[PDB]
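Participant: sequence first, structure after, both from an experimental entry:
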Amino acid sequence: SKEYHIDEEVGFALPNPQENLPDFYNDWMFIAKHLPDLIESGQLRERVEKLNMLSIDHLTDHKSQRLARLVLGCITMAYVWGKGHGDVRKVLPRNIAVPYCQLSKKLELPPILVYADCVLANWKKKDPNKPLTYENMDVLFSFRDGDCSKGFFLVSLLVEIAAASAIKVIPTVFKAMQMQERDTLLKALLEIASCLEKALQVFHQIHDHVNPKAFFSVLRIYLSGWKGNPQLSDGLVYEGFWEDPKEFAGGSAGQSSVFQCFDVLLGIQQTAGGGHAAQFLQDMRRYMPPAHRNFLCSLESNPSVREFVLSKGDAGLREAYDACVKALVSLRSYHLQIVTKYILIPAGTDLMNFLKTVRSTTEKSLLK
Amino acid sequence: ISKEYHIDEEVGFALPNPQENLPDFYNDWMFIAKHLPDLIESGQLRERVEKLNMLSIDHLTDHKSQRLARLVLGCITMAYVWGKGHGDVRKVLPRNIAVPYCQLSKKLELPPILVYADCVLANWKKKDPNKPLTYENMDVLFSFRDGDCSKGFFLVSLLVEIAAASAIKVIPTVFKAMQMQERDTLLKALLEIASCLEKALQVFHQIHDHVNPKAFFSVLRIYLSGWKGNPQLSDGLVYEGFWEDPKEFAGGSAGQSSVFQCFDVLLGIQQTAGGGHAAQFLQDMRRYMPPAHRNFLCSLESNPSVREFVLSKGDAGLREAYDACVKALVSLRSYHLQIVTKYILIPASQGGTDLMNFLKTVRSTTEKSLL
Ligand code: HEM
Ligand code: HEM
Ligand SMILES: O[C@@H](Cn1c2ccccc2c2ccncc21)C1CCCCC1
Ligand SMILES: O[C@@H](Cn1c2ccccc2c2ccncc21)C1CCCCC1
């Protein structure tokens, strides 16, 4: 569909994002395009404080509003965390905080860098006529030299794209259930598992493009927010826009709509139950684009694919459903091996118990 | 016309014509629920719950019977857990009532605890079927204690839920007028909605006639509170025979009412958006609405914003019509805010003050929505 902003080729990713803002915002674009140098030289916070308050009125369309959210978002994290060694700022200056909050209010997103900014909207094609492959793609913004932010973002983006192939089968699933078309539903579930199995092979590229100590000690710092953070115990002051400081969670892949979408489709009660994992994945929906929030909730309004398969006494239909659940377990299991390489060894123990709980919930959803 | 969603033309989100009696197979359940005041005060409610046999849910054939069974099992559960309402708490719900309550709640996609849709939307009847829906012609189906003001509290909420129903049927007219670009139809629709919300404010005044501040704070409030962030059941309540761990579920609230969230969504009042505790609370309370009412709120959020439509037109008449609805929402919460001060703030001085900071936040969000 169209009002959910789900593309045929890139799915939840923003199709063909905008790389440049109008000349009116050149003072923004220069800072965001040179974050590794302005941070390393100890001049980023000065350049930010010298900016004049630019109006968001010249951001006329959707794509340019998403780019400015990415620009202002990357500068905010660069201003709050600085060099990423402890010298923080608990007040975001109004010349960049007021337009950030105004733009975030308009796009119904929190004023902090989220997954839909630094992954779904932070990419470009090198050559337009060539396909969406890692060698033909690039990110628009980074934080530090050697933060491996290109590999981390683009590999997440590429797994998102690989999962988009399964997203377009979803309407066939619900149509087959309503029309009681058993053979069509089986073929569709097998196709959804096939696409999720291709996405697992895409995931393997993470070792080639992401370095362990680079992600743990650099990129992770600039992606963390100010909710439950001892460094900003009461949040961030959004100067000129809010009286009190506000708390917002740093970016996450719980913000990725892809995995939440198949949890709902297959009846994997991730957001139910009551655990911290349930509440966290539920809260991270507030950090998705509004169109993608509505898509997840619209899947939850449809009849359960799980209860349909359980009620038929159909072996071939339970295996096709199990192939979809199995593909989700395979992804989170391989992803769990990635987190031990990139987080546990460089170190955190709560992340494992969170991921193991999400994976545990998925594996217990199998029928055999 | 709205589909279902389960929204009535006359009573809106309330259950139309609730069932008063379960089949004979469940006579052991109905006897306890119908005699809570005597069984609680005499201290023999918990015994008669424990010597119940584990009845099956298969004999609740239709929707209205399952909603009544959710109402009776919900009232017995609060009575069992809170007892006489003075501190002696049970942390274990016996299996012969825990597993049919959880089985039935699993089927209706609701959590195993009394919610607004139980004790308000499904907890009423007409005294005379032919006479209109007024306070004098209505009555609740269940109460906790004698003098808990549960009749006046449940029916006054129910009456303004009906008063809002007149504005819910105009919602399809609002979105069709935007899609088909009918400016005059939309303006008339927004004015019709604002009028109904102003009709509902007058119904709200009956709260002083039929509710007592001391009876609500010290009696009815105890039986409606739940086991989520509660120092009396810090880990939750164990539903014996169904879950091995204790589970936390929030007490009944009017944040579970769909009418006020429904108009926040329609007017683009970003209540659930933002990071505040009030935004987190109102989103969490949707998990406590009936599934058809959850899906209706979701369906509204998927439609284009009525607010951005009115802002983009440069139309003074359209803005005044949109402002009349926001003004009507501010007037309701403001009057409701003065009710809480008489019924919660003053009895507390012989949650707490967080109830006031919560309601002032949602009112401020509604008030700042003006143009
Ligand atoms: C070096 C690579 C990666 C690291 C270090 C990493 C780390 C983490 C951590 C620590 C979490 C849980 C805490 C939190 O989300 O805040 C998480 C969650 C998640 N990650 Fe990753 N991740 C990596 C790659 C990926 C990729 C490429 C994807 C592609 C879709 C992905 C998908 C997810 C999802 C869906 C979640 C939410 C939890 C779940 O649904 O199981 N991760 N990641
Ligand atoms: C004694 C009379 C009343 C009292 C003491 C009372 C108290 C409260 C309190 C404390 C809250 C927010 C706290 C919470 O639920 O956890 C609340 C919310 C609410 N009440 Fe009431 N209430 C009363 C009557 C009514 C009536 C008649 C209605 C009409 C439906 C109503 C509608 C609501 C709604 C919709 C909310 C959600 C909060 C919001 O407006 O955003 N209340 N009430
Ligand atoms: O890496 C993030 C989690 N996370 C993201 C955060 C922001 C933007 C994207 C992601 C992300 C993307 C894919 N997998 C995990 C992800 C971080 C979460 C807090 C603990 C360290 C790891
Ligand atoms: O007043 C109730 C909230 N509440 C309900 C709870 C259960 C069922 C209905 C209601 C309700 C209905 C209207 N207003 C407030 C309401 C309670 C809120 C939490 C603090 C103690 C007082």
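Facilitator: Received the coordinates, thanks. Residues are numbered from 1 along each chain as shown, chains lettered A, B, ... in the order given. Ligands and ions are numbered 1, 2, ... in the order given.
Participant: find the nearest non-adjacent residue to the residue in the stretch 51-200 of chain A positioned nearest to ligand 3, please.
Facilitator: When scored by C-beta to the nearest ligand atom, the stretch 51-200 of chain A has residue A:156 as its residue closest to ligand 3, at 4.4 Å. To be clear about C-beta, it is placed using only N, CA and C from the backbone, and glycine gets the same treatment. The shortest distance from residue A:156 to any non-neighbouring residue, by C-beta to C-beta, 6 or more residues apart in numbering or on different chains, is to residue A:119 (4.9 Å).
Participant: now the single nearest residue of the stretch 151-300 of chain A relative to ligand 1. Its backbone dihedrals?
Facilitator: Of all residues in the stretch 151-300 of chain A, residue A:253 sits closest to ligand 1, at 3.2 Å by C-beta to the nearest ligand atom. Reported as degrees, to the nearest 10, the phi and psi values for residue A:253 are phi -90, psi 0.
Participant: show me how chain A divides into domains.
Facilitator: In terms of domains, chain A is parsed into A:1-17+A:146-223+A:249-368, A:18-145+A:224-248 (source: curated CATH domains).
Participant: picking up where we left off before, pretty sure the residue of the stretch 51-200 of chain A closest to ligand 3 sits against residue A:122.
Facilitator: No: counting by C-beta atoms under 8 Å, residue A:156 stays clear of residue A:122, with 10.0 Å between them.
Participant: tell me which of those two has more neighbours.
Facilitator: The neighbour count for residue A:156 versus residue A:122, taken as other C-beta atoms under 10 Å in any protein chain shown, is higher for residue A:122 (28 against 20).
Participant: confirm that one sits in a strand?
Facilitator: No: secondary structure assignment places residue A:122 outside any strand; it is coil (DSSP: H, G, I helix; E, B strand; the rest coil).
Participant: any idea how far it lies from residue A:70?
Facilitator: Distance, residue A:122 to residue A:70, using C-beta to C-beta, to the nearest Å: 6 Å.
Participant: any common contacting residues for those two?
Facilitator: By C-beta atoms under 8 Å, 6 or more residues apart in numbering or on different chains, residue A:122 and residue A:70 have these common neighbours: A:140-141.
Participant: list the residues that contact the residue in the stretch 1-150 of chain A that ligand 1 sits nearest to.
Facilitator: The nearest approach of the stretch 1-150 of chain A to ligand 1 comes at residue A:148, 8.3 Å away (C-beta to the nearest ligand atom). By C-beta under 8 Å, 6+ apart, the residues touching residue A:148 are A:209-211, A:214-215, A:218-219.
Participant: before we move on, what about residue A:77?
Facilitator: Applying C-beta under 8 Å, 6+ apart, the residues near residue A:77 are A:112-113, A:143, A:222-223.
Participant: repeat that for residue A:247.
Facilitator: Remark: with contacts taken as C-beta under 8 Å, 6+ apart, residue A:247 is in contact with A:225-228, A:234-236, B:275.
Participant: and those residues, which are buried?
Facilitator: Listed as buried from these are A:225-227, A:235-236, B:275; burial here means 16 or more other C-beta atoms under 10 Å in any protein chain shown.
Participant: what's the following helix or strand after the longest helix seen in chain A?
Facilitator: The helix that spans the most residues within chain A, counting by DSSP state H, is helix A:315-339. Downstream of helix A:315-339, the first helix or strand assigned by DSSP states H and E is helix A:349-363.
Participant: what does that next one contact?
Facilitator: Outside helix A:349-363, the residues that reach it (C-beta under 8 Å, 6+ apart) are A:263, A:268-270, A:273, A:275-277, A:280-281, A:325, A:328-329, A:332-333, A:335-336, A:339-340, A:343-344.
Participant: how does it look with 7 Å?
Facilitator: Helix A:349-363 is contacted by residues A:268-270, A:275-277, A:280, A:325, A:328-329, A:332-333, A:336, A:339, A:343-344 when judged by C-beta atoms under 7 Å, 6 or more residues apart in numbering or on different chains.
Participant: contacts with ligand 1 among these, please.
Facilitator: Among the contacts of helix A:349-363, the ones lying near ligand 1 by C-beta under 6 Å from any ligand atom are A:332, A:339, A:343.
Participant: what's the spacing between the first one and ligand 4?
Facilitator: Right, residue A:332. In this view, residue A:332 and ligand 4 are 38 Å apart by C-beta to the nearest ligand atom, to the nearest Å.
Participant: how about the nearest residue to that residue, chain neighbours excluded?
Facilitator: Nearest residue to residue A:332 in three dimensions, chain neighbours excluded: residue A:359, at 4.2 Å (C-beta to C-beta, 6+ apart).
Participant: ok, residue A:109 - contacts?
Facilitator: Under the criterion of C-beta under 7 Å, 6+ apart, the neighbours of residue A:109 are A:69, A:289.
Participant: just flag the most distant two among the contacts of helix A:349-363.
Facilitator: Farthest pair in these (C-beta to C-beta) is A:269 and A:344. Separation: 27.5 Å.
Participant: which among the buried ones among the contacts of residue A:247 gets closest to ligand 3?
Facilitator: Nearest to ligand 3, judged by C-beta to the nearest ligand atom, of the buried ones among the contacts of residue A:247 is residue A:225 at 9.0 Å.
Participant: checking that closest one next. Helix, strand or coil?
Facilitator: Assignment for residue A:225 (three-state DSSP): coil.
Participant: what about the contacts of residue A:148, which are in helices?
Facilitator: Secondary structure from DSSP H places A:209, A:214 of the contacts of residue A:148 in helices.
Participant: max pairwise distance over the contacts of residue A:148: which two?
Facilitator: Between any two of the contacts of residue A:148, the greatest separation by C-beta to C-beta is 14.5 Å, found for A:209 and A:218.
Participant: nearest residue to residue A:270 in space, please, no chain neighbours.
Facilitator: residue A:263 (4.5 Å).
Participant: name the element the one you found belongs to?
Facilitator: Assigned by DSSP H and E, residue A:263 belongs to helix A:257-265.
Participant: that helix and ligand 1 in contact?
Facilitator: Yes: residues of helix A:257-265 contacting ligand 1 under C-beta under 6 Å from any ligand atom: residue A:259.
Participant: summarise which helices and strands that helix is packed against.
Facilitator: Applying 3 or more C-beta pairs under 7 Å, 6 or more residues apart in numbering or on different chains; DSSP states H and E, we find helix A:257-265 packed against helix A:149-167, helix A:290-301.
Participant: mind listing residues that contact it?
Facilitator: Here helix A:257-265 makes contact (C-beta under 7 Å, 6+ apart) with A:12, A:160, A:163, A:167, A:170, A:270, A:281, A:288, A:292, A:295-296, A:299-300, A:305, A:324, A:328.
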